>>> print(open('entry12.cif').read())   # mmCIF, N, CA, C and O atoms
data_data
#
loop_
_atom_site.label_atom_id
_atom_site.label_comp_id
_atom_site.auth_asym_id
_atom_site.auth_seq_id
_atom_site.Cartn_x
_atom_site.Cartn_y
_atom_site.Cartn_z
N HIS A 1 1.59 -2.56 41.38
CA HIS A 1 2.95 -2.47 41.90
C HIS A 1 3.87 -1.69 40.95
O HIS A 1 3.89 -1.94 39.75
N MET A 2 4.64 -0.76 41.52
CA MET A 2 5.52 0.20 40.81
C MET A 2 4.74 0.96 39.73
O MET A 2 4.98 0.84 38.53
N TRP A 3 3.82 1.79 40.23
CA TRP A 3 2.96 2.58 39.34
C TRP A 3 3.76 3.64 38.60
O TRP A 3 3.46 3.93 37.44
N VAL A 4 4.77 4.23 39.24
CA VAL A 4 5.63 5.18 38.54
C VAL A 4 6.29 4.53 37.33
O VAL A 4 6.49 5.17 36.29
N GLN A 5 6.63 3.25 37.43
CA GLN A 5 7.27 2.59 36.30
C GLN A 5 6.28 2.23 35.21
O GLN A 5 6.64 2.21 34.03
N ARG A 6 5.04 1.90 35.60
CA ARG A 6 4.01 1.58 34.61
C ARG A 6 3.78 2.76 33.67
O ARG A 6 3.58 2.56 32.46
N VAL A 7 3.83 3.99 34.21
CA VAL A 7 3.47 5.19 33.44
C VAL A 7 4.59 5.59 32.47
O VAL A 7 4.31 6.00 31.33
N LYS A 8 5.84 5.51 32.91
CA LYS A 8 6.96 5.73 32.00
C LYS A 8 6.84 4.83 30.77
O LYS A 8 7.02 5.26 29.63
N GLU A 9 6.52 3.55 31.01
CA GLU A 9 6.42 2.59 29.92
C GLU A 9 5.25 2.96 29.02
O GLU A 9 5.40 3.06 27.80
N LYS A 10 4.07 3.23 29.63
CA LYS A 10 2.88 3.44 28.81
C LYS A 10 2.98 4.72 27.96
O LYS A 10 2.47 4.75 26.84
N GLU A 11 3.64 5.78 28.45
CA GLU A 11 3.81 6.96 27.61
C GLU A 11 4.70 6.67 26.41
O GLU A 11 4.38 7.03 25.27
N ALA A 12 5.86 6.07 26.66
CA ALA A 12 6.74 5.76 25.54
C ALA A 12 6.03 4.85 24.55
O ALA A 12 6.16 5.02 23.34
N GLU A 13 5.23 3.89 25.06
CA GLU A 13 4.57 2.96 24.15
C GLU A 13 3.49 3.66 23.35
O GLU A 13 3.26 3.32 22.16
N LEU A 14 2.79 4.63 23.96
CA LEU A 14 1.79 5.36 23.20
C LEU A 14 2.43 6.19 22.07
O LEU A 14 1.86 6.29 20.99
N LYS A 15 3.58 6.82 22.30
CA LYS A 15 4.23 7.58 21.24
C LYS A 15 4.59 6.66 20.10
O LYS A 15 4.39 7.02 18.93
N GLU A 16 5.16 5.47 20.42
CA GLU A 16 5.53 4.51 19.38
C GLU A 16 4.30 3.97 18.66
O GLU A 16 4.32 3.85 17.44
N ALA A 17 3.20 3.70 19.39
CA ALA A 17 2.00 3.21 18.74
C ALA A 17 1.41 4.25 17.80
O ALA A 17 0.88 3.90 16.74
N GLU A 18 1.51 5.53 18.15
CA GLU A 18 0.99 6.57 17.27
C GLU A 18 1.81 6.67 15.98
O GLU A 18 1.24 6.85 14.89
N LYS A 19 3.14 6.55 16.09
CA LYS A 19 3.98 6.51 14.90
C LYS A 19 3.61 5.32 14.03
O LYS A 19 3.44 5.46 12.81
N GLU A 20 3.49 4.15 14.65
CA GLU A 20 3.12 2.93 13.95
C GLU A 20 1.79 3.06 13.24
O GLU A 20 1.66 2.66 12.06
N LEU A 21 0.79 3.64 13.90
CA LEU A 21 -0.50 3.82 13.27
C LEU A 21 -0.39 4.72 12.03
O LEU A 21 -1.07 4.50 11.01
N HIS A 22 0.43 5.77 12.12
CA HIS A 22 0.63 6.68 11.01
C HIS A 22 1.28 5.96 9.82
O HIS A 22 0.86 6.14 8.67
N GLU A 23 2.30 5.15 10.10
CA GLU A 23 2.93 4.37 9.03
C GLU A 23 1.96 3.40 8.40
O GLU A 23 1.91 3.28 7.17
N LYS A 24 1.13 2.73 9.22
CA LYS A 24 0.15 1.77 8.67
C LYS A 24 -0.85 2.44 7.76
O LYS A 24 -1.24 1.89 6.72
N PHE A 25 -1.29 3.63 8.15
CA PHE A 25 -2.28 4.33 7.37
C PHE A 25 -1.67 4.80 6.07
O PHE A 25 -2.30 4.70 5.00
N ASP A 26 -0.41 5.24 6.12
CA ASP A 26 0.25 5.62 4.86
C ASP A 26 0.40 4.45 3.90
O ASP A 26 0.23 4.63 2.68
N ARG A 27 0.78 3.28 4.40
CA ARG A 27 0.81 2.08 3.57
C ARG A 27 -0.57 1.81 2.99
O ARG A 27 -0.69 1.52 1.78
N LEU A 28 -1.62 1.92 3.81
CA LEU A 28 -2.95 1.69 3.26
C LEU A 28 -3.30 2.71 2.17
O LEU A 28 -3.88 2.35 1.13
N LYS A 29 -2.93 3.99 2.35
CA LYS A 29 -3.28 4.96 1.32
C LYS A 29 -2.52 4.70 0.02
O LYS A 29 -3.07 4.89 -1.06
N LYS A 30 -1.27 4.23 0.11
CA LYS A 30 -0.51 3.91 -1.11
C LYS A 30 -1.19 2.80 -1.89
O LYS A 30 -1.31 2.88 -3.13
N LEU A 31 -1.65 1.73 -1.20
CA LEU A 31 -2.35 0.64 -1.88
C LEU A 31 -3.67 1.12 -2.45
O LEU A 31 -4.09 0.70 -3.54
N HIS A 32 -4.36 1.98 -1.72
CA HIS A 32 -5.62 2.50 -2.21
C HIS A 32 -5.41 3.35 -3.46
O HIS A 32 -6.18 3.27 -4.44
N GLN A 33 -4.36 4.15 -3.44
CA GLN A 33 -4.07 4.98 -4.60
C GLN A 33 -3.71 4.12 -5.82
O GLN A 33 -4.06 4.47 -6.95
N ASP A 34 -2.97 3.02 -5.61
CA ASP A 34 -2.69 2.08 -6.70
C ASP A 34 -3.98 1.56 -7.33
O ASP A 34 -4.09 1.47 -8.56
N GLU A 35 -4.97 1.15 -6.48
CA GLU A 35 -6.24 0.62 -7.01
C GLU A 35 -7.03 1.72 -7.71
O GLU A 35 -7.68 1.47 -8.74
N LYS A 36 -6.95 2.95 -7.19
CA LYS A 36 -7.68 4.04 -7.81
C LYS A 36 -7.09 4.33 -9.19
O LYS A 36 -7.83 4.49 -10.17
N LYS A 37 -5.76 4.46 -9.25
CA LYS A 37 -5.08 4.75 -10.50
C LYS A 37 -5.33 3.66 -11.54
O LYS A 37 -5.48 3.98 -12.73
N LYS A 38 -5.46 2.39 -11.12
CA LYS A 38 -5.74 1.31 -12.05
C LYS A 38 -7.11 1.49 -12.70
O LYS A 38 -7.26 1.36 -13.91
N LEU A 39 -8.12 1.86 -11.91
CA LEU A 39 -9.43 2.14 -12.48
C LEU A 39 -9.39 3.34 -13.42
O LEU A 39 -9.98 3.31 -14.52
N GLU A 40 -8.74 4.42 -13.00
CA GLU A 40 -8.63 5.59 -13.87
C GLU A 40 -7.95 5.27 -15.21
O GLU A 40 -8.34 5.83 -16.26
N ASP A 41 -6.91 4.45 -15.15
CA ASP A 41 -6.15 4.01 -16.32
C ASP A 41 -7.08 3.30 -17.28
O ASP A 41 -7.08 3.58 -18.45
N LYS A 42 -7.86 2.36 -16.77
CA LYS A 42 -8.79 1.62 -17.61
C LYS A 42 -9.78 2.54 -18.29
O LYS A 42 -10.10 2.37 -19.48
N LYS A 43 -10.33 3.49 -17.55
CA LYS A 43 -11.28 4.43 -18.12
C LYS A 43 -10.65 5.32 -19.20
O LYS A 43 -11.24 5.55 -20.25
N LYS A 44 -9.42 5.79 -18.97
CA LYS A 44 -8.74 6.60 -19.98
C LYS A 44 -8.49 5.79 -21.26
O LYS A 44 -8.57 6.33 -22.39
N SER A 45 -8.16 4.50 -21.12
CA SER A 45 -7.92 3.69 -22.32
C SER A 45 -9.18 3.54 -23.16
O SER A 45 -9.14 3.60 -24.40
N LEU A 46 -10.32 3.30 -22.50
CA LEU A 46 -11.59 3.23 -23.22
C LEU A 46 -11.91 4.55 -23.90
O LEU A 46 -12.35 4.57 -25.05
N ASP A 47 -11.74 5.67 -23.18
CA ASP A 47 -11.92 6.98 -23.82
C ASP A 47 -11.07 7.10 -25.08
O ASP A 47 -11.54 7.59 -26.12
N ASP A 48 -9.82 6.66 -25.01
CA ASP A 48 -8.96 6.89 -26.13
C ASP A 48 -9.19 5.85 -27.22
O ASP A 48 -8.86 6.11 -28.38
N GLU A 49 -9.75 4.69 -26.87
CA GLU A 49 -10.16 3.74 -27.91
C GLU A 49 -11.28 4.34 -28.74
O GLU A 49 -11.24 4.33 -29.98
N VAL A 50 -12.27 4.91 -28.08
CA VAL A 50 -13.33 5.57 -28.84
C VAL A 50 -12.75 6.65 -29.72
O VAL A 50 -13.14 6.78 -30.89
N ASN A 51 -11.85 7.47 -29.18
CA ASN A 51 -11.39 8.62 -29.96
C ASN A 51 -10.56 8.18 -31.17
O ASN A 51 -10.70 8.74 -32.27
N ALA A 52 -9.76 7.13 -31.01
CA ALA A 52 -8.97 6.59 -32.11
C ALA A 52 -9.83 5.94 -33.18
O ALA A 52 -9.53 6.10 -34.37
N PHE A 53 -10.84 5.15 -32.81
CA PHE A 53 -11.53 4.26 -33.79
C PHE A 53 -12.87 4.81 -34.28
O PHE A 53 -13.43 4.27 -35.24
N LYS A 54 -13.40 5.87 -33.65
CA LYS A 54 -14.73 6.35 -34.02
C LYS A 54 -14.70 6.92 -35.43
O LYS A 54 -13.66 7.41 -35.91
N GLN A 55 -15.84 6.83 -36.11
CA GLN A 55 -15.86 7.24 -37.51
C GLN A 55 -15.81 8.76 -37.65
O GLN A 55 -16.31 9.50 -36.80
N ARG A 56 -15.14 9.21 -38.71
CA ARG A 56 -15.02 10.64 -39.05
C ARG A 56 -15.21 10.87 -40.55
O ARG A 56 -15.80 11.87 -40.96
N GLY B 1 -25.15 1.38 -39.64
CA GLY B 1 -25.28 0.88 -38.28
C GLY B 1 -25.68 1.98 -37.32
O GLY B 1 -26.14 3.03 -37.74
N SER B 2 -25.49 1.77 -36.01
CA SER B 2 -25.84 2.81 -35.06
C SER B 2 -24.77 2.95 -33.99
O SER B 2 -25.08 3.37 -32.86
N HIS B 3 -23.52 2.59 -34.32
CA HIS B 3 -22.41 2.72 -33.38
C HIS B 3 -22.67 1.92 -32.12
O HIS B 3 -22.32 2.36 -31.02
N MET B 4 -23.27 0.75 -32.28
CA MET B 4 -23.48 -0.09 -31.09
C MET B 4 -22.19 -0.35 -30.30
O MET B 4 -22.24 -0.45 -29.06
N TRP B 5 -21.05 -0.51 -30.97
CA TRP B 5 -19.83 -0.76 -30.18
C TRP B 5 -19.49 0.42 -29.27
O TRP B 5 -18.99 0.24 -28.15
N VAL B 6 -19.79 1.63 -29.72
CA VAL B 6 -19.55 2.81 -28.89
C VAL B 6 -20.45 2.77 -27.67
O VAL B 6 -20.01 3.05 -26.54
N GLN B 7 -21.70 2.33 -27.84
CA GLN B 7 -22.58 2.26 -26.68
C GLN B 7 -22.07 1.25 -25.67
O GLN B 7 -22.14 1.48 -24.45
N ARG B 8 -21.55 0.11 -26.17
CA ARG B 8 -20.95 -0.88 -25.28
C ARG B 8 -19.76 -0.30 -24.53
O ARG B 8 -19.63 -0.49 -23.31
N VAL B 9 -18.88 0.42 -25.24
CA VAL B 9 -17.71 0.98 -24.57
C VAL B 9 -18.15 1.99 -23.51
O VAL B 9 -17.61 2.00 -22.39
N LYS B 10 -19.20 2.77 -23.80
CA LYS B 10 -19.66 3.71 -22.78
C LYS B 10 -20.29 3.00 -21.58
O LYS B 10 -20.15 3.48 -20.44
N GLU B 11 -20.94 1.84 -21.78
CA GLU B 11 -21.38 1.05 -20.62
C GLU B 11 -20.20 0.62 -19.78
O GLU B 11 -20.24 0.71 -18.54
N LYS B 12 -19.14 0.12 -20.41
CA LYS B 12 -17.95 -0.25 -19.66
C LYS B 12 -17.37 0.95 -18.90
O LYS B 12 -16.88 0.79 -17.77
N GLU B 13 -17.42 2.14 -19.50
CA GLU B 13 -16.92 3.33 -18.80
C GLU B 13 -17.76 3.61 -17.57
O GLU B 13 -17.24 3.96 -16.50
N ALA B 14 -19.07 3.42 -17.69
CA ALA B 14 -19.95 3.67 -16.56
C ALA B 14 -19.75 2.61 -15.47
O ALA B 14 -19.87 2.94 -14.28
N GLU B 15 -19.43 1.36 -15.84
CA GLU B 15 -19.09 0.34 -14.85
C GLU B 15 -17.87 0.72 -14.04
O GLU B 15 -17.86 0.53 -12.80
N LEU B 16 -16.85 1.27 -14.70
CA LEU B 16 -15.65 1.73 -14.01
C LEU B 16 -15.94 2.90 -13.07
O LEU B 16 -15.38 3.00 -11.96
N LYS B 17 -16.79 3.81 -13.51
CA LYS B 17 -17.19 4.90 -12.63
C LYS B 17 -17.88 4.36 -11.37
O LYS B 17 -17.61 4.82 -10.23
N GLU B 18 -18.74 3.35 -11.54
CA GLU B 18 -19.37 2.73 -10.38
C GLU B 18 -18.34 2.03 -9.49
O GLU B 18 -18.41 2.08 -8.24
N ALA B 19 -17.35 1.37 -10.11
CA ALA B 19 -16.30 0.74 -9.33
C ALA B 19 -15.47 1.76 -8.57
O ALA B 19 -15.05 1.50 -7.43
N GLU B 20 -15.25 2.94 -9.15
CA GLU B 20 -14.53 3.97 -8.42
C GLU B 20 -15.35 4.43 -7.20
O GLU B 20 -14.78 4.72 -6.13
N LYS B 21 -16.66 4.58 -7.39
CA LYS B 21 -17.56 4.94 -6.27
C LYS B 21 -17.46 3.92 -5.15
O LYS B 21 -17.32 4.28 -3.96
N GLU B 22 -17.51 2.63 -5.49
CA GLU B 22 -17.42 1.60 -4.46
C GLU B 22 -16.06 1.58 -3.78
O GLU B 22 -15.97 1.31 -2.57
N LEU B 23 -15.00 1.89 -4.51
CA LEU B 23 -13.69 1.91 -3.87
C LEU B 23 -13.63 3.07 -2.89
O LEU B 23 -13.06 2.94 -1.80
N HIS B 24 -14.20 4.21 -3.30
CA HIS B 24 -14.22 5.39 -2.45
C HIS B 24 -14.99 5.12 -1.16
O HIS B 24 -14.57 5.53 -0.06
N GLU B 25 -16.12 4.44 -1.28
CA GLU B 25 -16.93 4.13 -0.10
C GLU B 25 -16.22 3.17 0.84
O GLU B 25 -16.24 3.37 2.08
N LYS B 26 -15.60 2.14 0.28
CA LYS B 26 -14.84 1.20 1.11
C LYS B 26 -13.65 1.87 1.78
O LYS B 26 -13.40 1.67 2.97
N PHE B 27 -12.92 2.67 1.04
CA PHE B 27 -11.79 3.36 1.64
C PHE B 27 -12.28 4.34 2.72
O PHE B 27 -11.57 4.57 3.72
N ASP B 28 -13.45 4.95 2.53
CA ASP B 28 -13.90 5.86 3.60
C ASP B 28 -14.16 5.11 4.90
O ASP B 28 -14.00 5.70 5.98
N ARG B 29 -14.62 3.87 4.82
CA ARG B 29 -14.87 3.14 6.07
C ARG B 29 -13.57 2.80 6.76
O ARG B 29 -13.52 2.81 8.00
N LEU B 30 -12.50 2.53 5.95
CA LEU B 30 -11.19 2.34 6.52
C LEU B 30 -10.63 3.63 7.08
O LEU B 30 -9.97 3.59 8.13
N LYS B 31 -10.89 4.79 6.45
CA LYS B 31 -10.46 6.06 7.05
C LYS B 31 -11.13 6.31 8.41
O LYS B 31 -10.49 6.83 9.35
N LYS B 32 -12.45 6.06 8.48
CA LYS B 32 -13.20 6.28 9.72
C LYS B 32 -12.61 5.44 10.83
O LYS B 32 -12.45 5.91 11.97
N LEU B 33 -12.26 4.20 10.50
CA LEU B 33 -11.68 3.28 11.48
C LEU B 33 -10.31 3.77 11.92
O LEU B 33 -9.98 3.72 13.11
N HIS B 34 -9.51 4.29 10.98
CA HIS B 34 -8.22 4.86 11.34
C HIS B 34 -8.40 6.09 12.22
O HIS B 34 -7.64 6.31 13.19
N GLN B 35 -9.41 6.90 11.92
CA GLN B 35 -9.67 8.07 12.76
C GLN B 35 -10.10 7.65 14.15
O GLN B 35 -9.68 8.26 15.15
N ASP B 36 -10.90 6.57 14.26
CA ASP B 36 -11.29 6.05 15.59
C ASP B 36 -10.07 5.62 16.37
O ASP B 36 -9.97 5.84 17.59
N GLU B 37 -9.16 4.95 15.69
CA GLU B 37 -7.98 4.40 16.33
C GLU B 37 -7.06 5.53 16.78
O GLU B 37 -6.54 5.49 17.89
N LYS B 38 -6.95 6.58 15.98
CA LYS B 38 -6.11 7.70 16.38
C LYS B 38 -6.71 8.41 17.60
O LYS B 38 -5.99 8.78 18.55
N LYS B 39 -8.02 8.59 17.60
CA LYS B 39 -8.67 9.22 18.76
C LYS B 39 -8.51 8.36 20.01
O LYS B 39 -8.38 8.88 21.14
N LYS B 40 -8.53 7.04 19.84
CA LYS B 40 -8.37 6.15 20.98
C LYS B 40 -6.99 6.34 21.61
O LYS B 40 -6.85 6.42 22.84
N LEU B 41 -5.95 6.46 20.78
CA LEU B 41 -4.62 6.64 21.32
C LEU B 41 -4.50 7.99 21.97
O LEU B 41 -3.92 8.10 23.07
N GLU B 42 -5.05 9.01 21.34
CA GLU B 42 -5.00 10.34 21.94
C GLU B 42 -5.70 10.38 23.29
O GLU B 42 -5.21 11.04 24.22
N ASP B 43 -6.84 9.70 23.43
CA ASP B 43 -7.53 9.74 24.72
C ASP B 43 -6.80 8.92 25.79
O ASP B 43 -6.84 9.28 26.99
N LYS B 44 -6.07 7.87 25.39
CA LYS B 44 -5.16 7.19 26.32
C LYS B 44 -4.06 8.13 26.81
O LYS B 44 -3.76 8.22 28.01
N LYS B 45 -3.49 8.90 25.89
CA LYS B 45 -2.44 9.80 26.31
C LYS B 45 -3.00 10.90 27.18
O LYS B 45 -2.39 11.27 28.18
N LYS B 46 -4.19 11.41 26.83
CA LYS B 46 -4.82 12.46 27.63
C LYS B 46 -5.08 11.96 29.04
O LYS B 46 -4.82 12.66 30.05
N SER B 47 -5.63 10.76 29.16
CA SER B 47 -6.00 10.37 30.51
C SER B 47 -4.75 10.09 31.33
O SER B 47 -4.70 10.39 32.53
N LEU B 48 -3.70 9.56 30.69
CA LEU B 48 -2.45 9.40 31.41
C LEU B 48 -1.88 10.73 31.87
O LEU B 48 -1.40 10.86 33.00
N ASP B 49 -1.77 11.70 30.94
CA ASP B 49 -1.26 13.02 31.31
C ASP B 49 -2.09 13.63 32.42
O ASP B 49 -1.54 14.19 33.39
N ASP B 50 -3.41 13.51 32.34
CA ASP B 50 -4.26 14.09 33.37
C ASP B 50 -4.05 13.39 34.71
O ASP B 50 -4.01 14.05 35.78
N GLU B 51 -3.89 12.06 34.69
CA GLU B 51 -3.64 11.35 35.94
C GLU B 51 -2.31 11.79 36.54
O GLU B 51 -2.24 12.11 37.74
N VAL B 52 -1.27 11.89 35.72
CA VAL B 52 0.03 12.34 36.22
C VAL B 52 -0.06 13.75 36.80
O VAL B 52 0.44 14.03 37.90
N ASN B 53 -0.66 14.67 36.04
CA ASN B 53 -0.78 16.05 36.49
C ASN B 53 -1.60 16.15 37.75
O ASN B 53 -1.35 17.03 38.58
N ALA B 54 -2.56 15.24 37.94
CA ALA B 54 -3.39 15.27 39.15
C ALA B 54 -2.54 15.28 40.42
O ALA B 54 -2.93 15.91 41.41
N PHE B 55 -1.38 14.62 40.41
CA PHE B 55 -0.55 14.59 41.62
C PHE B 55 0.16 15.91 41.88
O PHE B 55 0.05 16.48 42.97
N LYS B 56 0.92 16.37 40.90
CA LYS B 56 1.61 17.65 40.96
C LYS B 56 0.62 18.79 41.22
O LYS B 56 0.38 19.16 42.37
#
>>> encode(input="entry12.cif", output="structure tokens")
Amino acid sequence: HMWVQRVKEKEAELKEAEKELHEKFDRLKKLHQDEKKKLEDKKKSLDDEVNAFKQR
Amino acid sequence: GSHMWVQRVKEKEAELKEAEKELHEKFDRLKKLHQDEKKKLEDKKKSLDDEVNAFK
């Protein structure tokens, strides 16, 4: 019933859902980048511990 | 001695490299899922547009 009205709604909702999906994925990439940078940070500190304390 | 502490630090560095690999693999599965979800929305919009155009 009222198929013309169903379609107006579903198009607008699809545009909003696509924006929402894009925002969600950006939030996920920010968290992923935080976890990546934390691992890189740890590895750089170990590298620099060796360089500071190794015998010369 | 034989710089055993340096060998230990390099093992820890290799553990972090493995952890980066696992993070990359896990994040790729989340990317694939996001790509699936984006394609799903696009095909909803396509079929709606095609249904609408079918009349005109």
>>> closest_residue(input="entry12.cif", among="A:34, A:9, A:40, A:23", to="chain B", atoms="all atoms listed in the file")
A:40
>>> resolve_selection(input="entry12.cif", expression="the PyMOL selection byres ((chain B) within 7 of (chain A))", output="ChimeraX atom specification")
/B:6,9,12-13,16-17,20,41,45
>>> atom_distance(input="entry12.cif", atom1="atom O of residue 35 of chain B", atom2="atom N of residue 16 of chain A")
16.0 Å
>>> axis_aligned_box(input="entry12.cif", around="segment 44-52 of chain B", padding_each_side="3 Å", output="AutoDock Vina command-line options")
--center_x -2.8 --center_y 10.7 --center_z 31.6 --size_x 12.5 --size_y 13.0 --size_z 18.5
>>> atom_distance(input="entry12.cif", atom1="atom O of residue 56 of chain A", atom2="atom O of residue 41 of chain A")
25.5 Å
>>> atom_distance(input="entry12.cif", atom1="atom CA of residue 44 of chain B", atom2="atom CA of residue 12 of chain A")
12.0 Å
>>> decode(input="entry12.cif", residues="segment 38-51 of chain B", atoms="N, CA and C atoms", output="PDB file, in the first residue's frame")
ATOM      1  N   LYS B  38      29.051  -1.971   1.955  1.00  0.00           N
ATOM      2  CA  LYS B  38      28.898  -0.877   1.018  1.00  0.00           C
ATOM      3  C   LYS B  38      28.290  -1.376  -0.299  1.00  0.00           C
ATOM      4  N   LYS B  39      28.744  -2.529  -0.769  1.00  0.00           N
ATOM      5  CA  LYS B  39      28.171  -3.096  -1.998  1.00  0.00           C
ATOM      6  C   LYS B  39      26.699  -3.442  -1.807  1.00  0.00           C
ATOM      7  N   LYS B  40      26.335  -3.891  -0.604  1.00  0.00           N
ATOM      8  CA  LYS B  40      24.945  -4.219  -0.338  1.00  0.00           C
ATOM      9  C   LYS B  40      24.058  -2.979  -0.460  1.00  0.00           C
ATOM     10  N   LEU B  41      24.526  -1.850   0.070  1.00  0.00           N
ATOM     11  CA  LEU B  41      23.740  -0.637  -0.015  1.00  0.00           C
ATOM     12  C   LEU B  41      23.661  -0.166  -1.441  1.00  0.00           C
ATOM     13  N   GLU B  42      24.779  -0.219  -2.150  1.00  0.00           N
ATOM     14  CA  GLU B  42      24.760   0.184  -3.555  1.00  0.00           C
ATOM     15  C   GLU B  42      23.798  -0.657  -4.379  1.00  0.00           C
ATOM     16  N   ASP B  43      23.754  -1.972  -4.141  1.00  0.00           N
ATOM     17  CA  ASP B  43      22.841  -2.800  -4.939  1.00  0.00           C
ATOM     18  C   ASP B  43      21.376  -2.573  -4.557  1.00  0.00           C
ATOM     19  N   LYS B  44      21.096  -2.193  -3.302  1.00  0.00           N
ATOM     20  CA  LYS B  44      19.756  -1.730  -2.940  1.00  0.00           C
ATOM     21  C   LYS B  44      19.375  -0.466  -3.703  1.00  0.00           C
ATOM     22  N   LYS B  45      20.303   0.471  -3.793  1.00  0.00           N
ATOM     23  CA  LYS B  45      19.983   1.688  -4.508  1.00  0.00           C
ATOM     24  C   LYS B  45      19.825   1.405  -5.989  1.00  0.00           C
ATOM     25  N   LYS B  46      20.680   0.536  -6.543  1.00  0.00           N
ATOM     26  CA  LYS B  46      20.574   0.192  -7.955  1.00  0.00           C
ATOM     27  C   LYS B  46      19.228  -0.440  -8.249  1.00  0.00           C
ATOM     28  N   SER B  47      18.817  -1.379  -7.413  1.00  0.00           N
ATOM     29  CA  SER B  47      17.590  -2.069  -7.798  1.00  0.00           C
ATOM     30  C   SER B  47      16.406  -1.137  -7.640  1.00  0.00           C
ATOM     31  N   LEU B  48      16.449  -0.251  -6.642  1.00  0.00           N
ATOM     32  CA  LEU B  48      15.384   0.740  -6.535  1.00  0.00           C
ATOM     33  C   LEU B  48      15.343   1.654  -7.749  1.00  0.00           C
ATOM     34  N   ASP B  49      16.499   2.229  -8.119  1.00  0.00           N
ATOM     35  CA  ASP B  49      16.546   3.101  -9.291  1.00  0.00           C
ATOM     36  C   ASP B  49      16.055   2.370 -10.531  1.00  0.00           C
ATOM     37  N   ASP B  50      16.474   1.119 -10.704  1.00  0.00           N
ATOM     38  CA  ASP B  50      16.048   0.363 -11.879  1.00  0.00           C
ATOM     39  C   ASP B  50      14.544   0.112 -11.857  1.00  0.00           C
ATOM     40  N   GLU B  51      14.000  -0.192 -10.675  1.00  0.00           N
ATOM     41  CA  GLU B  51      12.555  -0.405 -10.587  1.00  0.00           C
ATOM     42  C   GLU B  51      11.812   0.879 -10.927  1.00  0.00           C
TER      43      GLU B  51
END
